[PDB]
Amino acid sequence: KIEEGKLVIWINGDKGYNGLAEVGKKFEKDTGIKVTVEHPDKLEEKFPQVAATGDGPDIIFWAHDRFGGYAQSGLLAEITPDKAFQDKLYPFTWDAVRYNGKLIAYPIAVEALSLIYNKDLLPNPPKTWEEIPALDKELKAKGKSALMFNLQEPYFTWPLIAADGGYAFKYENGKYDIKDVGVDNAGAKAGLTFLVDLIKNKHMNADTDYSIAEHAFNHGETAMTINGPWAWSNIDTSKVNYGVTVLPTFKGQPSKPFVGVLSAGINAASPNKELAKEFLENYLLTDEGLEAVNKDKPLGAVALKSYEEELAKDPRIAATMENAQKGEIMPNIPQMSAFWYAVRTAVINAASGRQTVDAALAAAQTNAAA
């Protein structure tokens, strides 16, 4: 079970958990309540397992797409901000955390992937995916590469897969049709085929993951990476002269990243719901609370209107929002976990050459629709 009189928070290890811990220290200084911030592996998978038994964190942070599943499984407390508090956050961010008519988490920030590039190696970033092999040929001659990014998580490859027509679930008449999946269509096939060709022609390696790409970019081994706002801090530290910009187009069309709203849900089994509410509304979701987290690892475009307006002039955030507008907000429906698992397998199997692109996506299509 969950311990009373304190708060346990889970957040992913790529986020500003040290900053969040500082907000927690302030909370403790004011209320005497200890806040423990943890970053378990696979937390988005563990949470539903442990929460069902009445254990786990008081508060879970993740992108909003996971939350409908958690809500449908009875794992989340309905949140009860008054109208005054609601007015403090952008309406579209509340939309991301509304499920079956109820608010099931507090929205924190809007995230989208951008192209990040080393201005020393590449003063002019490429407008198109198609020119990346040419850039890589140039750079390979200097002992570098053009582009490295996490190929192990479909989140990162999705923008390209979606560009020419791939989609998750078709929206119609105000709801997602979970039986209409867009993962094995011509557009999705074109996008994944391009990625696989990049690997076949040795411009990328199938096993490149988050840490490998981050290392390479931050040590100037590769001219570009694809990543979210949380990654800017480590780049700052590495002293690389970087820019953040619109993702490359594919077949003349915008890459379409899936947009996540980082959100904080309260465990239905928590005996500290009021403390969790006070922490989130009166400490984290303030100018100063968001600053503490953002200073650790940037959040993106925060849900709090006041602080968002303050940071909006940041060109990196402008780029983030440009990419977000070109993409689509993720659904929060329970079927999303099945979608992501299916596409994850498809990309890994196609990238490694274990399956053809056609075979991989045909299977994912079926798997995603249950």
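For every residue, the number given is its place in the sequence shown, counted from 1.
Undergrad: Return whichever of 91-99 and 73-81 has the greater mean Cα B factor according to the PDB record.
TA: 73-81 has the higher mean C-alpha B-factor.
Undergrad: Output the stretch having the higher mean C-alpha B factor in the entry; the candidates are 182-190 and 156-164.
TA: That would be 182-190.
Undergrad: Of the choices 265, 248, 271, 229, which one's C-alpha carries the largest B-factor in the record?
TA: That would be 271, according to the entry.
Undergrad: Highest Cα B-factor in the deposition, which of 57, 327, 68, 54?
TA: Checking the PDB record, the top C-alpha B-factor among 57, 327, 68, 54 is at 54.
Undergrad: Based on the deposited C-alpha B factors for this chain, I'd like to know if residue 355 is in the lowest, middle or highest third.
TA: For residue 355, the deposited C-alpha B-factor lands in the highest third.
Undergrad: Split the chain's modelled residues into thirds by Cα B-factor; is residue 27 in the lowest, middle or highest one?
TA: Residue 27: CA B-factor falls in the highest third of its chain.
Undergrad: In terms of the CA temperature factor given in the entry, to which third of its chain does residue 47 belong: lowest, middle or highest?
TA: Within its chain, residue 47 is a highest-third residue by C-alpha B-factor, going by the deposited values.
Undergrad: If you rank the chain by CA B-factor, which third does residue 150 end up in: lowest, middle or highest?
TA: CA B-factor rank for residue 150: lowest third.
Undergrad: Which third, lowest, middle or highest, does the CA B-factor of residue 320 fall in along this chain?
TA: Residue 320: CA B-factor falls in the lowest third of its chain.
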